[PDB]
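Read the figures in this text as sums done on the coordinates, not as results from a lab. Cβ placement follows ideal geometry from the backbone for every residue including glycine, while neighbour counts extend to all protein chains displayed.
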RNA sequence: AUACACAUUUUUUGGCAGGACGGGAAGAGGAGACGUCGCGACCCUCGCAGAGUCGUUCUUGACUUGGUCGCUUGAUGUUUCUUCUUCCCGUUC
């Protein structure tokens, strides 16, 4: 498995921000992250490239569709410094 | 003593706090691209070996007389000039995107000496002159505002349209 | 609540006319009967027709092997 | 079950490959009357550079061998 | 090594406050702190310094300095900074 | 089950045309061979762009990935 | 090959958004390792405003590679 | 790539956006984790502070020191 | 055995065009995804259609403030990725 | 030329990079010289 | 005095500090200026050779000398050759050479320096011959020649420079052509090792810690010793 | 066989890589990964006005083509 | 001292299509959404700590979980529609 996959599995239970290939941004609490980067997310606030913002309860996006994630800084301590 | 490339190569080089990048200058003395502190810099020179990678320049605690001799540095955003003896400013400074200048505790005497700061196009947002004799002279604040309206924050005070208008009135 | 491959298999047996939505193409969609498929979802489709949406016209193509990569959404009509 | 290997490493230079047969006969006569027997003999070269040797080797050879290529060479 | 400042105009945005603080306190020595952890403004900024003499010198020299309209109050921090 | 691979094998040695995903190009020619990854070889090929004959290409190879579909003609 | 943990979503109405700015709504029937999905009572939401019941009970299949994301309408 | 570890690096994305951050780790797919990463678009203008980010190797174009 | 079958399938498959190209040292023209074309001789190939091409002449099409003009250049030693290949044509 | 000597002593052969280097160095030297010669002409 | 002097900022690796001149790039550009691929590196060099002759580059041009692409190319190439020339011979007075060439250009070249016993006098600017010197002179005031000499002056001059500078560098031209043929006739491993060498030469100190200073020159019983008993070393205590 | 190995042979070679995005790259190959990820030094880079960069690593799939020296 | 990294989530792709310049102001015939981060403040708020607890030992392992108003001409992208003259300050020849 990937070390970044290991981190992303540590990110579960926290609030993360996701940008997809379309450019929409989904911020919310990450329920679950598979090895394939498929992520289950809660109480998501979404901001579209147009600027419109929506709220949604449960969202699950495919791994391949994700451009990038931002995870809280709490994890930065360890154990990936090694 | 002199700021020379041999010095340019090996000072404590790192990243600012602010994550501003740089590579410092200390074989035995005065530094650049980080902590140009406490090595008795008389005249700035040999900035070329800086070769551009620097956001900030902490010149403080040297014996600098004037601020000329700046090669073209696109990256330099912040100059921390404190605790020197800057009497004058060059004028053709124009290092594009120099957003911040720290002249604190120097020896700039006259309003007219401040004129060259107007050249900084629209980038010099932050300028601090506090600790200079020129600050005591009458209508110092208003003259800096009318001379360099590019400044957004002066002496860590923010400009404000009120004293902009007063600067226009005089 | 059935896997998609079994869904396609019931399209195969029923021989229903099938409409495929292609990838990144809204303008045209393809239609016809599924006579067979493989693991890569490449489909031999009989009496296939190209359907430009932009009243709708279309081009009769006869028998076709459509590659599965284009496939966005397989349906019945 | 023998291991196959390469034995032909020769790339005929353009200037050499341009030579006609009459040219080649003449070159052999001029080179101390070189006589050949057998089928498919490549044309003689007249310069170390027509052999496609690295610069190292070239420097080294010249150094190693002084003057014109001999008829046998 | 770390100085606790308070009594500052909180109306200034976080990043401009941090850049002006680093600017002002660079005259005494290298400031190691990149960002205010406390994310509450209201003056309560901590400034971490690589050497201790620069912290003491900053404390004595910049007491009650007018900074964004207000005279800043400077003291030594109660605990050591995590980065130290 | 009649799979695309057997249908295509039966389509070998027959006049075909292939519409790529771009639709910027169609190719009509005899289907010489196709591999397990479904790359396409045609002969006597003719290129139809925008439904009009662009020209006669001849023996042609089509990258599998570009193929939208193939039909028999 | 991993299987998506979509069991929590089974027999729930969901709004799938798909490449080409397409959007469909339907009850999650089945899935596979490939993330290909069977959707019952599928309804296409065209860009205009109307919606067409493509597969009320006949059900449709959506290739997982085209599935941009999936929203749960229910809880 | 292991030499580049811990450095401040500039990645160019597939969409033309430029990201800059410390390279903490990589993987096979070239998925990168970037600490204190910020985004620049046009060249400063339109800079945002993202923080800790993963980037997907499918999106990455190139990286520079 | 497996290696053998792979090389053989390659030989009688569509690849036979690029195999034939290398053995005959014949020129072939390649329509790429950049809307540029490469006429050259095939020095080496790969299952991905990665190629080493010699005596490359690439032709392309450019639009200006008047009539479209075709532009072309010569690249003697060119190595090419395998996904850029739309089509490889072999012709007299 | 061949023996790389100026009078009696044959000097060690140097590699190209060094020869060229020193030639450019001598170049700047000659530049300095030309400058000084100039200012001098203007002062004398 | 010159502690920050670096040759690698003046010479590329393929030039090897004046050993060769890198013309592959120009084969790309120059070769493309032909809108085909029938032209090989070696055939391109064969083209360049024309410019060693005093008349060939003028009367047997690769392309029509009034072609745009061609004249542009020729400009770029000329500039390159000249800078390379003075780059590889710092010690010679550049200004002297420049002025020499310029005066040769004005006093001879543009004055009917090219003469044929049959066609008379050729003109670089109009690309035409002339019966006698008389009609040649009264043609140098005509509206045609005024136009041409007024439009194609820079190009003609650049062409000329390419000519004379390439002549002065004949040894380097030959040296490189040779290099080309060699590398070309290499194998994979060979070409690789050679490249390694050029690289090392490029990124190596100009003075090694291991150089000389002041090293000036002037001007049987084989089986018998085993039989003897030395198969086993004996010892007296 | 595998051409990527042929690229592995190409260390310390000066090349001009055209990329699928249209970008031009010029530099000396330090190494290429088997992914065909290419690490180069002393690179001038032209995005579709040249930026000069000490080291550049490129993801292999982005590479359109690489133009090698004719001396090779 | 003793094989593999071209068939759905990553790399073998759905991609392709005196003269000029800037700035700032005035006078005559660029503005409207929708967002996202900033200059000031009549305001809010009032303090030393990723945070909070415990086992063991002089330092670690476990378990839970700026916000608002103006701009009095702040900065920035989606997305529809339709320049001249004068004065000042910089670069170049």
Original post:
Using alpha carbon centroids, what distance separates region K:181-237 and region B:113-150, in Å?
Top reply: 72
Subject >> Rounded, prolate or oblate (a/c below 1.5 giving rounded, otherwise prolate when a/b exceeds b/c) for the protein assembly as shown by Cα gyration tensor >> reply: oblate
**OP:** Just report the Cα centroid separation between region H:14-28 and region A:40-82, whole Å.
**Re:** 17
Subject >> Percent antiparallel among DSSP beta bridges (both partners in region B:1-167, rounded to 5) >> reply: 10
**OP:** Provide the packing ranking of B:91-100, L:62-71, i.e. peptides ordered by the mean count of other C-beta atoms within 10 Å per residue, highest first.
**Re:** L:62-71, B:91-100
Original post:
Which of rounded, prolate, oblate describes chain G, given a ≥ b ≥ c as roots of the alpha-carbon gyration tensor eigenvalues and a/c under 1.5 marking rounded, otherwise prolate only if a/b is larger than b/c?
Top reply: prolate
**OP:** Quick one: check the C-alpha center-to-center distance for region C:5-77 versus region L:38-58, whole angstrom.
**Re:** 46
Original post:
Considering every residue in I:28-41, what mean count of other chain Cβ atoms within 10 Å of its Cβ is obtained?
Top reply: 3
Subject >> In nm, spacing of pseudo-spin labels at residue K:117 and residue K:220 (7 Å Cα→C-beta vector) >> reply: 7.8
**OP:** State whether chain L is rounded, prolate or oblate according to the following rule on the C-alpha gyration tensor (a ≥ b ≥ c being the square roots of its eigenvalues): a/c under 1.5 gives rounded; otherwise a/b larger than b/c gives prolate, and the remaining case gives oblate.
**Re:** prolate
**OP:** Among K:85, J:9, rank each residue by its count of other Cβ atoms within 10 Å, from fewest to most, as a rough exposure measure.
**Re:** J:9, K:85
Original post:
Hey, got the average number of other protein chain Cβ atoms within 10 angstrom for residues in B:150-161?
Top reply: 3
Subject >> Projected label distance in nm at residue D:9 and residue C:55, using a 7 Å step from Cα toward the beta-carbon >> reply: 7.6
**OP:** In nm, give the distance between the simple-model label positions of residue A:10 and residue H:10, each being 7 Å from the Cα along the Cα-to-Cβ direction.
**Re:** 3.0
**OP:** Within a 10 angstrom radius of each residue's Cβ in L:8-21, how many Cβ atoms of other chains show up on average? Whole number is fine.
**Re:** 5
Original post:
How would you rank J:15, D:35, going from fewest to most other Cβ atoms within 10 Å of each one's own Cβ?
Top reply: D:35, J:15
